[PDB]
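# Examining the three-dimensional arrangement
The lines below spell out each chain.
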Amino acid sequence: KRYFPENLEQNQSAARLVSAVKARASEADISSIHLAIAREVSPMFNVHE
Amino acid sequence: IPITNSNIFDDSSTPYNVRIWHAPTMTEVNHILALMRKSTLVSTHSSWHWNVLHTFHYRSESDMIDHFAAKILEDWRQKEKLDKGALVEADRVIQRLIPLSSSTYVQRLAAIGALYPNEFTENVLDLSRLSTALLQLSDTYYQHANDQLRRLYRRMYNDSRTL
Amino acid sequence: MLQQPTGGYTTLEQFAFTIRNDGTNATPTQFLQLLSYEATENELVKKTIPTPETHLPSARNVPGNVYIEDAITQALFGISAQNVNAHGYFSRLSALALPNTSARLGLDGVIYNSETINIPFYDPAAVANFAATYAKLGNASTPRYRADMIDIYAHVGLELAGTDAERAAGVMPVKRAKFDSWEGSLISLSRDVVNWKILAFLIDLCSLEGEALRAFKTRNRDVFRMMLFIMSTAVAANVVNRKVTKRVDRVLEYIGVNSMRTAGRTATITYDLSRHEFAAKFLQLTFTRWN
Amino acid sequence: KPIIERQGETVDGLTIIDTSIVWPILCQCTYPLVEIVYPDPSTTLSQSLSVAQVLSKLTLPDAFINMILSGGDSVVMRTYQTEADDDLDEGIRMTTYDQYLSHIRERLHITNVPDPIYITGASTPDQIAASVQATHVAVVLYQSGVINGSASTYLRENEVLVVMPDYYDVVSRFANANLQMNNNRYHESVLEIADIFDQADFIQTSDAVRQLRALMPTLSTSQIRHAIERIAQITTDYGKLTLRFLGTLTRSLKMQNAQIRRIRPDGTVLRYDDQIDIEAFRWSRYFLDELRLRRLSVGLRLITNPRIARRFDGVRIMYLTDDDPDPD
Amino acid sequence: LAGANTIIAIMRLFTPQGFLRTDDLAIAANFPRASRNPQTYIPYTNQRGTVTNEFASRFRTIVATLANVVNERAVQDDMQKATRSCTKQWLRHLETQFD
Amino acid sequence: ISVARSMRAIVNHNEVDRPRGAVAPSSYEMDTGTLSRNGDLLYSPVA
């Protein structure tokens with residue numbers, strides 16, 4: 001994993017910013033990635049939100 | 001030598017400090033004044049006291065325009081009497097300071113003073129806050145310059161090194 | 001042991017000042033036609049030039065012999081970075097200023113203690129006046145003697161870029177001079193004008209009389225407006241080159257107004273603090289003799 | 001990336017200031033007063049010329065490729081072919097106000113350039129000339145009330161690309177003799193920063209390097225990164241102990257035409273002033289040395305000589321069989 | 001708007017990049033399309049220069065103008081002012097990872 | 001092809017003088033010019 005670091009984080013001032021990005025992280029699920037690339041072209045019938 | 005503020009009980013920090021160089025001959029002055037470029041913010045003015053050149057050294061930029069104006073004021077006066085013809089006692093001929101290495105406001109402030117724009121007055125001119133009230137007059141004088149006047153004021157702004 | 005017929009050593013093909021450009025070699029006159037200029041509105045007015053001081057420095061006793069000529073050029077138009085030179089054997093000149101001396105000044109640019117075998121030298125009588133004026137260049141960095149590195153430059157710009165319509169009034173508008181170029185340009189003219197035999201020129205100025213001085217100044221007011229141009233780009237504030245479609249121009253920021261540091265850096269020739277005092281001492285000394 | 005910055009980092013309590021260290025200084029320690037020792041200068045002067053020599057050869061390869069490159073790039077503009085289609089390149093080119101705000105506006109603040117002006121409409125066919133004079137680069141801003149055919153013909157051989165805030169339509173803002181201008185009959189390509197600037201030591205300009213750069217297989221940011229990487233291993237020091245102690249294990253700062261400036265009290269990069277700023281902070285010289293920049297000049301002649309280029313392009317296949325062995 | 005010009009400027013950072021194309025390799029082979037006219041988005045073109053990549057630079061501009069909104073928000077606290085500074089070590093790091 | 005040339009076929013022919021396509025050394029590969037004081041390399045006067 002390597003989203004928000006640039007590293008030297010875990011810090012005392014960063015502590016607030018650290019958790020904000022952590023509670024936003026999506027896990028690199030192979031199938032979840034493919035479903036995003038495919039939904040881009042495929043026609044729909046239900047008004048998803 | 002550090003100069004002290006006018007009052008006795010105003011025990012604060014000094015705005016500027018004056019400096020005395022060793023300089024005997026004329027071909028000497030030309031050296032110190034040229035080497036005086038590329039050096040923070042410094043000022044000299046026209047003539048000198050004891051025949052030895054001495055320049056000023058300002059602490060923070062902001063505390064320059066408030067001294068540079070306190071002098072430009074007392075010189076619009078010396079040229080009031082010398083304009084009507086009267087034996088003036090005071091010595092320097094031209095009190096107006098000269099900005100050597102300097103910032104950017106003092107430029108727009110140097111030119112406006114050089115070409116004597118004011119007329120008479122004598123209504124107990126406010127000594128405090130005179131700085132900004134003079135710098136405001138600088139701008140509006142430019143918003144009138146009929147090409148020819150504009151040409152000059154835009155030059156002395158761009159030059160700002162000769163009296 | 002060459003002599004002058006009052007035509008002067010410059011009326012000779014032995015040594016002639018020619019710039020190389022355009023794929024072939026050309027005379028200074030042909031070059032300057034390319035220098036076209038406009039105006040930017042900061043009036044550069046001609047001041048007066050203060051007379052030099054008579055006192056001549058002493059040529060401290062020195063065995064061997066130094067190339068007096070070398071340094072004269074190696075400071076003015078020296079291209080390769082030149083370090084501090086305020087110090088040096090720069091005043092052996094004055095050892096020629098006295099009447100009966102044996103020390104002779106050869107061709108090529110050396111100063112011999114005793115004339116030696118097989119070496120052609122200028123005429124011992126006309127090299128005397130050249131010294132009583134230029135040996136004075138020894139004290140170029142002595143405090144209380146150095147010239148002023150600001151006002152002379154006003155004189156310089158009125159020379160290479162001043163249309164006569166202006167000089168006759170003593171005032172002119174600051175100009176921005178741009179000619180058309182090639183590759184190295186400014187640096188190439190320096191590596192070129194350096195080896196010119198400057199001594200073959202300066203000697204003529206202090207000898208040739210009114211008959212052959214009015215005629216001398218007319219054929220050489222251009223060899224002067226060449227070693228004055230290069231000496232000027234070592235001062236200008238910018239060197240940025242404008243672009244046409246396929247063509248390239250070498251706009252020079254402000255000829256005739258003197259700043260303190262080179263625009264060239266990498267693009268053109270560069271001066272140093274020790275050299276700023278030197279150029280002012282030369283430019284001042286030479287103008288009185290010329291003008 | 002600012003120098004003096006409180007980023008999340010500690011140099012091991014060297015960032016953690018501590019009082020309460022004043023008590024041993026008064027009532028614990030003893031001083032030499034109530035013979036003196038003077039330390040030798042050579043031992044501390046040796047440490048400096050070492051930690052300063054390691055620094056130069058550290059970033060040396062990095063800055064070099066960032067100089068052969070940096071020539072110029074991008075800025076996608078379209079030239080509207082005007083006339084009886086007797087050209088594939090007329091000269092009436094223009095870009096957006098958008099493309100201009102991220103490529104041209106930053107280079108125009110490194111070099112202290114006054115403007116440039118606005119065409120506006122009913123502007124003189126020398127106002128463009130009057131601007132380009134003090135601008136050093138050909139460029140003018142926008143168009144409102146359709147300009148005259150006098151100015152319109154001028155911006156053609158003088159190039160001076162006009163940036164348009166909109167792009168919906170363009171043939172509404174020119175008065176014309178009516179040939180090729182109809183939001184069509186225009187061929188769109190790409191421009192060059194290697195073209196619209198060429199300053200002294202700012203942007204690399206030379207036909208020896210221009211020809212060199214027009215050969216590589218369209219580099220990315222990763223292609224050029226592995227370039228300033230293979231050139232590293234291709235080439236006691238008290239300093240090697242420190243080169244390790246340092247954080248060399250990163251160095252991720254895109255320094256195309258990197259310059260040294262001073263942001264205001266908050267965050268707005270000031271123009272290079274004069275009196276307040278020192279000298280060397282004017283130009284960068286691509287961070288290369290002064291003498292080492294002059295050797296590059298002589299080497300740039302070897303790398304372009306007619307006898308070194310021995311790679312040939314194109315081979316015509318034919319059946320002439322019959323031999324007269326000719327090397328050519 | 002007259003006064004909400006700053007709200008309209010920060011909002012337009014959602015504008016798409018790529019061109020719309022009329023797909024022909026489907027209509028030339030007679031594949032059934034609802035449509036009436038076969039169309040689509042792309043949605044972001046490709047490399048055009050040697051070392052430019054405008055899509056990467058478009059994002060760099062977003063990060064630039066979206067930084068000032070964070071570097072202006074006057075906070076009434078103390079450590080919530082310290083989190084205002086340690087956010088650029090995320091705001092800028094992320095933009096480099098993008099290129 | 002063949003830009004690196006200089007000269008070719010260093011043998012003299014059976015009965016005739018020059019053996020067809022024979023190249024003689026360039027007149028520049030054999031010219032030492034003295035160095036200037038500032039600049040460093042240049043050829044001979046030629047005239």
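Residues numbered from 1 in each chain as written, not as in the entry; some residues may be left out. Chains lettered and ligands numbered in written order. Part of a larger assembly, values for the part shown. Heavy atoms only, no water.

In the PDB header, cryo-EM is given as the technique by which the entry was determined, and 3.9 Å as its resolution.

Chain D carries the name Structural protein VP1 in the PDB entry, which gives Bombyx mori cypovirus 1 as its organism. Its PDB record names the entry "CryoEM structure of cytoplasmic polyhedrosis virus".

As recorded in the PDB entry, chain C goes by Viral structural protein 5 and comes from Bombyx mori cypovirus 1.

## Focus: the overall build of chain C
We count it as follows: Numbered from the N terminus, helices here are DSSP runs of H or I no shorter than four residues, and strands are runs of E no shorter than two. Radius of gyration: over C-alpha atoms. The globule rule applied is 2.2 Å multiplied by the number of residues raised to the 0.38 power. Burial classification: accessible surface area is computed with a 1.4 Å probe over protein chains only, and a residue below 20% of its type maximum counts as buried, one above 50% as exposed, and the rest as partly exposed. For this analysis, residues touch if any pair of their heavy atoms sits within 4.5 Å. Using the Shrake-Rupley algorithm and a 1.4 Å probe, accessible areas are obtained, with residue cover drawn only from the displayed protein chains.
In terms of regular secondary structure, chain C is built from 11 helices and 8 strands. For chain C, the C-alpha radius of gyration of 19 Å lies close to 19 Å, the compact-globule estimate for 291 residues. Projected onto its principal axes, the C-alpha positions of chain C cover 60 × 45 × 40 Å. Burial statistics for chain C: of 291 residues in total, 55% are counted as buried. Within chain C, contacts between residues at least 6 apart in sequence are counted, and of these 77% link residues at least 24 apart. Accessible surface, chain C as shown: approximately 12900 Å² in total, 53% of it carbon and sulfur.

## Considering the interface of chain D and chain C
Quick reminder of the rule: Buried area adds together the accessible area that both of two parts lose upon being put together, with accessible area traced by a 1.4 Å probe. Each salt bridge in this description consists of a side-chain nitrogen of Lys or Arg and a carboxyl oxygen of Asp or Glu lying within 4 Å of one another.
The partner chain C presents 17 residues to the 18 residues of chain D that form the contact. With both sides pooled, the region where chain D packs onto chain C buries about 1700 Å², and carbon together with sulfur makes up 38% of that total. Summed over the shared surface of chain D and chain C, the result is 2 salt bridges. Between D:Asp198 and C:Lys243 there is a salt bridge, and its shortest N-O distance comes to 3.9 Å.

## Notes on the pattern of salt bridges
For the structure shown, the criterion picks out 30 salt bridges over all chains. Of the charged contacts, one joins C:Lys178 and C:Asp249 as a salt bridge, the two residues approaching to 3.2 Å between their closest N and O atoms. Residue C:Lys178 is located in strand 6 (residues 171-178), and its partner C:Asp249 is located in strand 8 (residues 248-249); the two are separated by 71 residues in the primary sequence. Since its relative accessible area comes to 28%, C:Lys178 is described here as partly exposed. The partner of D:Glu192 in a salt bridge is D:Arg213, and the shortest N-O contact between them spans 3.0 Å. Taken together, the residues span a long stretch of sequence, with D:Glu192 in the loop between strand 5 (186-188) and helix 7 (207-213) and D:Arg213 in helix 7 at a distance of 21 residues. Overall, D:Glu192 belongs to the partly exposed group, its relative accessible area being 27%.

## A word on the interface of chain E and chain A
Put simply, an interface is often sized by how much accessible area is lost when its parts join up. Rules: We call two N or O atoms a polar contact when they sit within 3.5 Å, provided that within protein one can donate a hydrogen and the other can accept it, with sequence-adjacent residues counted only if both atoms are side-chain atoms.
Contacts between the two partners involve 10 residues from chain E, matched on the other side by 12 residues from chain A. Roughly 990 Å² is buried in total at the junction of chain E and chain A, and carbon and sulfur atoms are behind 53% of that figure. Considering only the side of chain E, the residues that lose the most area to chain A are E:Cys86, E:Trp90 and E:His93, jointly responsible for 47% of the buried surface there. The interface formed by chain E and chain A holds 0 salt bridges in total. At the boundary of chain E with chain A, the tally comes to 1 residue pair in polar contact. Looking at the side of chain E that touches chain A, the elements that each hand over two or more residues are helix 3 (79-82), helix 4 (88-91) and helix 5 (93-98) of chain E.

## Description of helix 5 (residues 127-135) of chain D
Threshold: For this quantity, the arc is that covered by the directions from the helix axis to the C-beta atoms.
Along helix 5 of chain D, the residues classified as buried are D:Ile128, D:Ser131, D:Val132 and D:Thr135. Buried residues of helix 5 of chain D, viewed axially, fall in a sector of 95°; they line one side. Buried residues along helix 5 of chain D sit in contact with strand 7 (242-243) of chain C together with strand 3 (139-141) and helix 6 (149-152) of chain D. A positive phi of about 70° marks D:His136, the residue just after helix 5 of chain D.

## Observations concerning a nonpolar patch on the surface
Residues and elements named next belong to chain E. Keep this limit in mind: Residues enter patches when they are more than 30% accessible in relative terms and free of salt bridges; like-charged ones are connected within 9 Å and nonpolar ones (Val, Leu, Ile, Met, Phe, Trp, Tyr) within 5 Å.
On the surface, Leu 1, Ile 7, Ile 8, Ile 10, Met 11, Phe 14, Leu 66 and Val 69 cluster together to form a nonpolar patch covering roughly 810 Å² of accessible area. For the nonpolar patch, the element with the most residues is helix 1 (residues 5-11), which contributes 4 residues. One can find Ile 8 in helix 1. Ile 8 gets classed as partly exposed once you look at its relative accessible area, which sits at 38%.

## Regarding the sheet that holds strand 5 of chain D
Residue and element names in this part refer to chain D. Selection criterion: A pair of strands is labelled paired if DSSP reports no fewer than 2 bridges between them.
The strand order across the open sheet formed by 3 strands is 2-1-5, and the pairing between neighbours is antiparallel. Edge positions in the sheet fall to strand 2 (93-94) and strand 5, since each of these pairs with one other strand and no more. One ladder, built from 2 bridges, connects strand 1 (residues 78-80) with strand 2; its direction is antiparallel. Paired with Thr 79 across the bridge in strand 2 is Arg 93.

## Some details on the packing of helix 3 (residues 105-114) of chain B against helix 4 (residues 130-142) of chain B
All names here are of chain B. Selection rule: Axes, fitted as lines to C-alpha atoms, cover a helix only where it is in contact. Angles between the N-to-C directions of the axes lie from 0 to 180 degrees. Our angle categories are set so that under 35 degrees counts as roughly parallel, over 145 as roughly antiparallel, 65 to 115 as roughly perpendicular, and the remainder as oblique. Just so you know the grouping, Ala, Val, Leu, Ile, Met, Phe, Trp, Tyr, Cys and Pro go in nonpolar, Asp, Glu, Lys and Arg go in charged, and all remaining residues, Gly too, go in polar.
Running from N to C, helix 3 and helix 4 cross one another at 75°; their axes reach a closest spacing of 9 Å. Put simply, helix 3 runs roughly perpendicular to helix 4. Here helix 3 contributes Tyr 105, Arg 108, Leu 109 and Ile 112 to the contact with helix 4, which in turn contributes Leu 134, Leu 135, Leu 137, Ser 138 and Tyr 141. Here the contact of helix 3 with helix 4 is composed, by residue class, of 7 nonpolar, 1 polar and 1 charged.

## Side note on the sheet that holds strand 3 (residues 54-58) of chain B
All names here are of chain B. An order of 1-3-2-4 is seen for the 4 strands of this open sheet, with the pairing classed as antiparallel. Two strands lie at the open edges of the sheet, namely strand 1 (16-20) and strand 4 (98-99), each paired on one side alone. Across 2 bridges, strand 2 (residues 42-44) lies against strand 3 in antiparallel orientation. Looking across to strand 3, one finds that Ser 43 is bridged to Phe 56. Of the strands in this sheet, strand 1, strand 2, strand 3 and strand 4 are in contact with helix 2 (residues 62-84), which crosses strand 3 at around 135°.

## Quick notes on the arrangement of the chains
Between chains C and D lies the most contact-rich interface of the 8 pairs of chains that touch. The closest approach of any C-alpha atom in chain B to one in chain F is 30 Å; the two make no contact. Separated throughout, chain E and chain F approach each other most closely at a C-alpha pair spaced 30 Å apart.

## Here's the deal with the side chain of C:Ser207
Here C:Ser207 is to be found in the loop between helix 7 (199-205) and helix 8 (211-214). Overall, the relative accessible area of 19% leaves C:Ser207 in the buried class.

## A few points about the nonpolar core
Worth spelling out the cut-off: Put simply, a nonpolar core is a bunch of buried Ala, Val, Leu, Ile, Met, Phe, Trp, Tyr and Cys residues held in one set by side-chain atoms that sit within 4.5 Å of each other.
If you look at the biggest cluster of nonpolar residues, it comprises 79 residues, and the most contacted ones within it are C:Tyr122, C:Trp196, C:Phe201 and C:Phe229. Broken down by secondary-structure element, the contributors of at least two residues to this core are helix 2 (68-76), helix 3 (127-134), helix 4 (152-160), helix 6 (186-193), helix 7, helix 10 (230-233) and helix 11 (273-290) of chain C. Here the element with the most residues in this core is helix 11 of chain C; it accounts for 8 residues. If we skip the residues at most four places from it in the chain, C:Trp196 touches C:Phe17, C:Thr18, C:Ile19, C:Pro28, C:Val223, C:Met226 and C:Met227. With 19 residues, the next largest nonpolar core counts D:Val75, D:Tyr100, D:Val137 and D:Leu191 among its residues.

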